[PDB]
Amino acid sequence: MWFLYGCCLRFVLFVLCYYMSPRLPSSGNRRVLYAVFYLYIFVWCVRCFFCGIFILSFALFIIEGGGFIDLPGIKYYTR
Amino acid sequence: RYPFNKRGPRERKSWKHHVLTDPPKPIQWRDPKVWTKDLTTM
Amino acid sequence: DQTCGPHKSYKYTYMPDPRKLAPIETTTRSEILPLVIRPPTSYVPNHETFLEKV
Amino acid sequence: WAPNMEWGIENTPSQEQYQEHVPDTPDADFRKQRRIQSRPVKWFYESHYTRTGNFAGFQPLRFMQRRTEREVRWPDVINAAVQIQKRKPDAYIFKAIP
Amino acid sequence: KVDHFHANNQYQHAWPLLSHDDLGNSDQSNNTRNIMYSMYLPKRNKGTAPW
Amino acid sequence: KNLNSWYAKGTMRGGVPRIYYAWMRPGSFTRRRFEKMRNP
Amino acid sequence: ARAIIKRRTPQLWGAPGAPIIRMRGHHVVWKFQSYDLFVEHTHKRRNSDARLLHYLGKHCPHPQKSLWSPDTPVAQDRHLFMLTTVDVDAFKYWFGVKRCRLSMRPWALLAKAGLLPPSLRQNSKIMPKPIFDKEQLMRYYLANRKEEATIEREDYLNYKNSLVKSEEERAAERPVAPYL
Amino acid sequence: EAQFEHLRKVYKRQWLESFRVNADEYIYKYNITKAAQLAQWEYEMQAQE
Amino acid sequence: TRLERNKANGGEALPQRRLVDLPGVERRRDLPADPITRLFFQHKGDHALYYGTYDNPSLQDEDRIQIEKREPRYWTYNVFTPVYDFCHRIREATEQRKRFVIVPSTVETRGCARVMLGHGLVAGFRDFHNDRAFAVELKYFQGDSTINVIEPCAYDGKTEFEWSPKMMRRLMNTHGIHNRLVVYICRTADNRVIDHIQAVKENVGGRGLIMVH
Amino acid sequence: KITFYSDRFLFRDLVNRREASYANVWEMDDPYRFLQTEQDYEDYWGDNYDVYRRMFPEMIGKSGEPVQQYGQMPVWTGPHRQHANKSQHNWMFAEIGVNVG
Amino acid sequence: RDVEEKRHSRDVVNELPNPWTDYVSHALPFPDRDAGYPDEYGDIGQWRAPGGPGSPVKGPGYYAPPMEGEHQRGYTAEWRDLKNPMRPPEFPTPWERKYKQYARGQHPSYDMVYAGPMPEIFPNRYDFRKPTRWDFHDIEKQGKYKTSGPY
Amino acid sequence: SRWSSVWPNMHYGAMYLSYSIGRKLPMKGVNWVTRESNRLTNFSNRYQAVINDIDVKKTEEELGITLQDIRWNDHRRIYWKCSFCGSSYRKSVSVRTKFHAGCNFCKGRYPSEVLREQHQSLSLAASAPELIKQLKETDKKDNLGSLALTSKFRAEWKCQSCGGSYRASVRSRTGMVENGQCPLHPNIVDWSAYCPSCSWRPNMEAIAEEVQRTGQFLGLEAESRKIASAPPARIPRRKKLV
Amino acid sequence: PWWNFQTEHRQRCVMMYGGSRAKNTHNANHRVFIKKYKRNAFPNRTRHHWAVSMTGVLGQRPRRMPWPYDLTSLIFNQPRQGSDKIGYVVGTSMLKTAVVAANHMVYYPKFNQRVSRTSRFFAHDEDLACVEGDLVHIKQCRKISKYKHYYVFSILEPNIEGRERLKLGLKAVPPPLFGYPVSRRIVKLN
Amino acid sequence: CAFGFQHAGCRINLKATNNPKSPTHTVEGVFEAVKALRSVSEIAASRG
RNA sequence: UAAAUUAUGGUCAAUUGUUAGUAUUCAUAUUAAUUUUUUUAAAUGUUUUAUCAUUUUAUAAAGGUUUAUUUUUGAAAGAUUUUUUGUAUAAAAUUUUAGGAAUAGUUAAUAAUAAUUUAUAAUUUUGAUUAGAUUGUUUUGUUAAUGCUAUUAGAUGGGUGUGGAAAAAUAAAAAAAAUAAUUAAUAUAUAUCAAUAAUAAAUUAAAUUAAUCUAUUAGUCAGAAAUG
Ligand SMILES: [Zn+2]
Ligand SMILES: [Zn+2]
């Protein structure tokens, strides 16, 4: 929750959609969205997850953090 | 996590009409041997 | 964490209790200090003259 | 002489006692294990001294409890023991009332 | 103390029960014996007995 | 002065019934070994 | 006395003003509107405390019923009641002795109390204001005159001390033989 | 405001001819109390000696 | 106080002279204590100028060991006290099924002991006027100690816990049942050491000393 | 109660019983030897309202404070305000302060 | 003022005290008695009472003298009025015997520590099983949709 | 806007406003349907004056509800016409059969809500026909000639100045009040004998007459009349304290 | 109201019968710390900052608090706190001026314990009597300079050793052997 | 309630996040406490 | 180193999580929230005065502060026939940050002094100065409870030094020097950061004035419930 920076939901900006492989015993090809957002004049990069779905191209993303998933290092998920 | 990602609330039989529909419905043909003298309660 | 919600909807049975609906005695203030209006005066005879003045 | 202590079966109304509106039929309220209920005036026929008072300086534990917690975390069907409530049907069938 | 949103001193002394309109619980024709115990008589904490 | 009413105590467990002694435990109820001198 | 005045909120003079018996009350929904009657100064800061002198009471503008008394067959008692709690004795000390200005809504109330005479602005619209003339005013005083020996008393015991130590029962404070 | 300033005095004949009686009585009681606690200090001074 | 107003009526009308008696009958006896099988000699009262203090004791009972004081070293330590060490002497002895304990001797240590003994948690105690120690004889029942638990009010000395009379009235009130079971020793302002029961029967509260039951 | 009485609590009562004699047998044993104070007599005959009513006629309320109308404060402005004290409500005022309520 | 006073004195209902206008009941700043407020410990006004140890002291109802005061010197007025038990009282009263002993503290105490059990002298009445919504011979009337509990 | 949400005030008669979701729902689902034992008209014997006070055309035309379609306890908000006075309201047969709730103006035909019939305060025709001529023509004057002089009945009348319709209490007109109510003005006769704008004039006549007679207007003349006319014989005066 | 339960709430305007009107402020908010520096680059020298501060005074925690019940209130009755202060006069080198070092009371409610604390004051002494160490009584007045609101109101013990040390000529008190704590290994040889 | 305690309350570990928790440890702990309990008559007699 | 009671005196302390060998405030609960729902707000033109003037009307923009913010009758209340007095700036207690050290118009006395008077001066590890976050001391939340965790908004220099007090460049909802007005609390769609609504959420109806609103999502291995 470091990058949620305390608010309940944080808005960010799509950049890349790369695929990372979950942690064993699990198996998958999990969708890790390398996003960014400017906040408090420094700009930041947020490697996040995607459990939602996408219909229109929208680099508007509502990252709310979640539990742990079979991926090591992704504390943020989509709304 | 979020319950409504990839799909919203499944609206499935939001009125669930099977608990409603009564093609067999007692009518003026209630039995005077099994219904009350009012023919309203069995 | 409280991602669920409240734990009971505490509600109260409305029931009318027979003392509040019991008959109040009234007397409209126009039975103590009667209300009447001044027929118009020469400086302000009309209700357009009035607003022109005010 | 006992007081007329509050939050009885009779004192309380429905939405407090149970968690649905329940008719106040003066005839045959089976859920209060009651058979009939002639309702003469509250304090008319009893002798006067018996009108001891109204005690309610305790918890209405049926209805609201201190430090409410889901009795059994699992399965999710459990609240505090103050959430007694029957089952809500799907779409509500409203008959025509004669 | 006074005329901020959170007035205290008008409750500091004792005022009888105002039942002039529906302040939410049909206060004006609904007479509220049990509503007062459970509801508006202050309490020792949420749910504790009416103090 | 004890505003704990004795008349509103105990938490209801549904149907689970728990015993209560009117005065004294049913063990200590009877005293034959001492009214009838049946003792070492 | 300020370079750029505060426009809706100027009073007459000065930064801490004279004491005034105001009857404020927060504007929210009418059902939730009852009046904090209280002594205080004219020129306040934005809230009702920094020149609050002495909480004086609370008024219910909403007329309530006799749900504290039984159902009388008495009309004036069955009528709705309008209730207020004063601080009668600190009002007397402020108003009477420290001379705080009595505003007009609070006065409209205390008039109904019986402390103060019914105000200037309880105007019976239905009767005209008076017509003064010296001939009739002096002709009356001529007609009915009251004496110096009945007026000086009341002046004294109505604006000055009034516990008349009854000359007879001042005997109880003039000691007896062991020191007399 | 002849009656309104006739009162602003009467409530100095009433608030003072009452503070008179009541400070008289407060001193008649705080004097019993003042004197009694003073006596106890003297007594505990004795027992200390 | 009502059992004396009509027991002190024996005043003659004359304020008569008080009778002289034997050289000494008003002197307090000493409490008996066998000199040969013993913990310490019950030291006499005449030697009342031989008695030193708990902190600085005299030279008496050379035959016997001496308890030491309990004074810590740093900031980081809790500061024990005779009331702490007496409670844990007694706790360890009732845990070892001993009989006599040689327990520190301060005014409120034997204060706690005299009221515990009044409350029956102890078969007896004895002040040998030993400037440092005194002996508490423990009572047992069915194999287990009568002092079920005994706690200090404070595991520290630097923290005195004055008990409000209402605090001490909400112990004898277990959910509506008046309960003088667990006895709490508190030392009032009058330099008396009393249980909470006589402390709240006179509505004074005192320093918290021990809880016991 | 969970008071624990010392082994010989009853000595005071026991000597008072061993010595107290009675003018005759019936004062020795009568059913009101328990009842010592008015609290004892009311807690006994409280159930018995026929006895209580006569015995303790004070709890029976008879008297009260009359409803006493005041004379009213006179106003100098005469009938140009002789309505001004008159509404369709009653107006109840309760004084407060540091001292009252 | 004069014509109003004339009519006011003509009013009989007047000439009564309006205790709102007539006196300032307690003009000082502080109450005439401790009123439910806290105490040194915070024992809020309900958890306490007045007169205990927190009060102002009550002082010795005598004088505290040195050496030759009441130690066999003589006697104060508290020495002739006190009476020995044998000789009668001055004035006769018909004191009860029972209250006499009670007042003295010698009455055989009958407290409520001695009170045995209050037995059910009379069997009350047999408590026949009053039917509930969990005594329905048929699991139909006790559905989830009708019965949420027996009563 | 915003203040649409504000609930309409409820007084000391109004029971349940039914102004929110759950405030109407559990009462919404009561799908009433008229059966022959529901039908009010079956029950004329008991409720004759409930049958005879129905604005039937006003009902059907505006509502789609028939005199036959009316329950004896119909919760529907229909219009009626008072058979005693003749005013029109919108009242449900339920609150009129359960409670005897009716016309907001025949609410007060009886002098005091509390003691309604005990009033031996005399009638209108057998007492004061000079009101019988000014009251608006209703053909119900045959019954209103028994309304008490003390009745708060907001009766409508013919004025004499503007000829129009002015509605005032029968008591506020007649003047007399039943012993022990809130009494009305000393001049309420002279300030409701006319129209709310044409009741001004008959007043200042005697008011300026005295400004002329005396060169001075001071309301104290009625007072001084009462002292120069009514000597108090023996009004008990209290023992002074001074 | 506070004593009411969430769903039993209706009206956040009034409190019907009684109780405590107060704004349920939202303490539960995850206040954060936005790292605007690097663990080796801080614009402070002594106390670096790397996590949220708890802010307030009479609000920090451990909840230190004012306690008047100390040596001073045991010895002197006071009109207003701090008036009278007793200490080892330490430091008088400013001509006619004394530095009196006397303690107050800092009570810790949570622990149920105290610690009284030190403070070098300014204290005027016209005529230069006191020497470092005289246990003195100090009272407050009207101010005497920027920093001295006190004056030497007595002596409770004069350092007679010191006064004679001056009379003989030496320093009434030898000066501390070492300075304040430093960070540099000062290599004093010979 | 299987013992019949009408007025009692047991608390374990101070909170159900405090380990160790397990159905085993819960039953064992409460029964151990009910064993450690001393009667009031036994308390009294123990104090004579 | 004595028991005692004229019998409950002085007013409620009480802890409700399905865990997974064991050690340990530490995922899932409930409470208060936030995420979340338009039933509290709102307008412009301050107003008098003898007149190009003058009388009246003094702490919300930020401004970054932890040894910190403190002050009166002389204005006004405020009453007479005149000259009428001694009550004020000061303080005192509490002050943050992992790894901690030097700081500076300086300290005291003189002084109605010394831009160059006198001096062994003062702040600091009892944590100073710099820099960092931060509104400062009856308002909450949880808890049986010491706690832990909250409360806003208001004072950001002086420079013609006016005024009683600089707080003074627009941001009430105080009647503001003639009773204007209170038959009034209503306020249109405008806003700030306050302010918890799903107010009988489902059969018997609203002694109303008939006013707003058509009312919904969860899971379904553990553990309520599953198959195509
Ligand atoms: Zn009608
Ligand atoms: Zn007309």
# chains A, B, ... in the order shown; residues from 1 in each chain; ligands from 1
call {"tool": "residues_near_ligand", "arguments": {"ligand": "ligand 1", "cutoff": "12 Å", "atoms": "only C-alpha atoms (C1' of nucleotides) and all ligand atoms", "output": "number ranges by chain"}}
result
L: 53-54, 80-91, 101-110, 140, 144, 153-156
call {"tool": "closest_atom_pairs", "arguments": {"of": "chain O", "to": "chain B", "cutoff": "12 Å", "atoms": "only C-alpha atoms (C1' of nucleotides)", "output": "Markdown table"}}
result
| residue | atom | partner | partner_atom | distance |
| --- | --- | --- | --- | --- |
| O:216 | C1' | B:14 | CA | 9.8 |
| O:217 | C1' | B:9 | CA | 5.0 |
| O:218 | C1' | B:9 | CA | 8.6 |
| O:219 | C1' | B:3 | CA | 9.9 |
call {"tool": "write_last_selection", "arguments": {"atoms": "C-alpha atoms (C1' of nucleotides)", "output": "PDB file, in the first residue's frame"}}
result
ATOM      1  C1'   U O 216     -31.429  -2.466  -6.879  1.00  0.00           C
ATOM      2  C1'   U O 217     -26.206  -6.066  -7.062  1.00  0.00           C
ATOM      3  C1'   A O 218     -23.927 -10.994  -2.810  1.00  0.00           C
ATOM      4  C1'   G O 219     -22.094 -15.956  -3.162  1.00  0.00           C
TER       5        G O 219
END
call {"tool": "interface_residues", "arguments": {"of": "chain G", "to": "chain C", "cutoff": "8 Å", "atoms": "only C-alpha atoms", "output": "ChimeraX atom specification"}}
result
/G:65,67,71,75-76,78-80,124,126
call {"tool": "write_last_selection", "arguments": {"atoms": "C-alpha atoms", "output": "PDB file, in the first residue's frame"}}
result
ATOM      1  CA  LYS G  65     -48.248  19.195  23.458  1.00  0.00           C
ATOM      2  CA  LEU G  67     -47.339  14.959  26.847  1.00  0.00           C
ATOM      3  CA  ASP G  71     -55.559  14.874  29.246  1.00  0.00           C
ATOM      4  CA  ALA G  75     -58.656  24.152  27.075  1.00  0.00           C
ATOM      5  CA  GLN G  76     -55.812  26.523  27.860  1.00  0.00           C
ATOM      6  CA  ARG G  78     -54.591  21.314  26.224  1.00  0.00           C
ATOM      7  CA  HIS G  79     -53.285  24.054  23.915  1.00  0.00           C
ATOM      8  CA  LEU G  80     -49.802  23.478  22.656  1.00  0.00           C
ATOM      9  CA  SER G 124     -50.895  45.676  17.470  1.00  0.00           C
ATOM     10  CA  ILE G 126     -54.734  47.309  14.519  1.00  0.00           C
TER      11      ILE G 126
END
call {"tool": "select_by_dssp", "arguments": {"residues": "stretch 1-178 of chain G", "states": "helix (DSSP H, G or I)", "output": "JSON, numbers by chain"}}
result
{"G": [30, 31, 32, 75, 76, 77, 78, 88, 89, 90, 91, 92, 93, 94, 95, 96, 97, 98, 104, 105, 106, 107, 108, 109, 110, 111, 112, 113, 134, 135, 136, 137, 138, 139, 140, 141, 142, 143, 148, 149, 150, 151, 152, 153, 154, 155, 156, 157, 158, 159, 167, 168, 169, 170, 171, 172, 173]}
call {"tool": "closest_residue", "arguments": {"among": "D:4, D:10, D:72, D:21", "to": "chain L", "atoms": "only C-alpha atoms"}}
result
D:21
call {"tool": "residues_around", "arguments": {"residues": "residue I:96", "least_positions_apart": "3", "cutoff": "12 Å", "atoms": "only C-alpha atoms (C1' of nucleotides)", "output": "ChimeraX atom specification"}}
result
/I:88-93,99-101,138,140,143-145
call {"tool": "residues_near_ligand", "arguments": {"ligand": "ligand 2", "cutoff": "9 Å", "atoms": "only C-alpha atoms (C1' of nucleotides) and all ligand atoms", "output": "MDAnalysis selection string"}}
result
chainID L and resid 157:166 193:199
call {"tool": "residues_around", "arguments": {"residues": "residue M:90", "least_positions_apart": "2", "cutoff": "6 Å", "atoms": "only C-alpha atoms (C1' of nucleotides)", "output": "list in words"}}
result
residues 88, 99, 100, 132 and 133 of chain M
call {"tool": "write_last_selection", "arguments": {"atoms": "N, CA, C and O atoms", "output": "PDB file, in the first residue's frame"}}
result
ATOM      1  N   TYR M  88      19.589  24.480  43.240  1.00  0.00           N
ATOM      2  CA  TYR M  88      21.003  24.728  43.256  1.00  0.00           C
ATOM      3  C   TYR M  88      21.305  25.831  42.269  1.00  0.00           C
ATOM      4  O   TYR M  88      21.445  25.570  41.075  1.00  0.00           O
ATOM      5  N   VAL M  99      21.683  31.838  37.735  1.00  0.00           N
ATOM      6  CA  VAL M  99      20.981  30.800  36.982  1.00  0.00           C
ATOM      7  C   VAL M  99      20.554  29.709  37.961  1.00  0.00           C
ATOM      8  O   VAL M  99      21.384  28.911  38.400  1.00  0.00           O
ATOM      9  N   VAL M 100      19.269  29.664  38.306  1.00  0.00           N
ATOM     10  CA  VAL M 100      18.746  28.726  39.291  1.00  0.00           C
ATOM     11  C   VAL M 100      18.079  27.563  38.592  1.00  0.00           C
ATOM     12  O   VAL M 100      17.184  27.764  37.772  1.00  0.00           O
ATOM     13  N   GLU M 132      27.771  29.612  43.106  1.00  0.00           N
ATOM     14  CA  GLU M 132      27.283  28.394  42.489  1.00  0.00           C
ATOM     15  C   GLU M 132      27.092  27.330  43.553  1.00  0.00           C
ATOM     16  O   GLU M 132      28.055  26.864  44.163  1.00  0.00           O
ATOM     17  N   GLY M 133      25.845  26.968  43.801  1.00  0.00           N
ATOM     18  CA  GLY M 133      25.560  25.914  44.748  1.00  0.00           C
ATOM     19  C   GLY M 133      24.668  26.277  45.909  1.00  0.00           C
ATOM     20  O   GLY M 133      24.032  25.392  46.479  1.00  0.00           O
TER      21      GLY M 133
END
call {"tool": "interface_residues", "arguments": {"of": "chain C", "to": "chain M", "cutoff": "12 Å", "atoms": "only C-alpha atoms", "output": "ChimeraX atom specification"}}
result
/C:1,5-12
call {"tool": "write_last_selection", "arguments": {"atoms": "N, CA and C atoms", "output": "compact mmCIF listing (two decimals), in the first residue's frame"}}
result
# COMPACT_ATOMS: atom_id res chain seq x y z
N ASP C 1 -11.80 -5.55 8.91
CA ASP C 1 -11.45 -4.84 7.69
C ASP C 1 -12.72 -4.19 7.20
N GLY C 5 -20.34 -4.90 5.83
CA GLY C 5 -21.46 -4.02 6.07
C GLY C 5 -22.06 -4.18 7.45
N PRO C 6 -23.13 -3.45 7.73
CA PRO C 6 -23.70 -3.45 9.08
C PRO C 6 -24.22 -4.81 9.50
N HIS C 7 -24.63 -4.88 10.76
CA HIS C 7 -24.90 -6.16 11.36
C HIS C 7 -26.32 -6.27 11.85
N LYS C 8 -27.11 -5.23 11.67
CA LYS C 8 -28.54 -5.33 11.89
C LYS C 8 -29.15 -4.00 11.52
N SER C 9 -30.30 -4.03 10.87
CA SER C 9 -31.02 -2.80 10.59
C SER C 9 -31.97 -2.59 11.76
N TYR C 10 -31.53 -1.78 12.72
CA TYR C 10 -32.35 -1.50 13.89
C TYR C 10 -33.47 -0.59 13.45
N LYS C 11 -34.68 -1.09 13.47
CA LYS C 11 -35.82 -0.29 13.09
C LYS C 11 -36.82 -0.32 14.23
N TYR C 12 -37.79 0.58 14.18
CA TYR C 12 -38.79 0.67 15.23
C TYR C 12 -40.18 0.59 14.64
call {"tool": "interface_residues", "arguments": {"of": "chain O", "to": "chain F", "cutoff": "12 Å", "atoms": "only C-alpha atoms (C1' of nucleotides)", "output": "list in words"}}
result
residues 8, 9, 10, 11, 12, 13 and 16 of chain O
